[PDB]
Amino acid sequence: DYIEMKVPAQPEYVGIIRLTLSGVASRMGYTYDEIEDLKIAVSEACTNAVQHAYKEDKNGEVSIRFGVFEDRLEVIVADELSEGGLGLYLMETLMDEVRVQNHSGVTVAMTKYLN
């Protein structure tokens, strides 16, 4: 199953994604800690997109896709580049897989497995 979101690339809306995310992550039955980590990792990917819109002074939009599978959650955040930060460290430590690719703004594809 695939849930898709599109929000304006403004900071008000990252908190919105965390809700939607905790929604999906609960329905899939992750832990509290597992949901609390997923919330951090997804905000981090969204924050790079929001920040990258300040520098360009664009009004941009973030695209977020939750791919809910039998064994894992896949989250894709795209921003229709990468200079590694503290935030990117957090996504990798907390998640099972992270894959970054530009130049499509950037698109971050991260995965977490059910335990």
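Don't overthink the numbering: it's just position in the shown sequence, from 1.
- Coordinates are absent for 10 or more residues of the deposited sequence placed between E80 and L81.
- When the two stretches 51 to 59 and 38 to 46 are set side by side, the higher mean Cα temperature factor goes to 51 to 59.
- The PDB entry assigns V75 a C-alpha temperature factor belonging to the lowest third of its chain's modelled residues.
- Split the chain's modelled residues into thirds by C-alpha temperature factor. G87 is in the lowest one.
- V7: CA B factor in the middle third of modelled residues in this chain (values from the PDB entry).
- The deposited CA B-factor of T93 belongs to the middle third of values across its chain.
- Per the deposited record, the Cα B-factor of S22 falls in the middle third when ranked against the other modelled residues of its chain.
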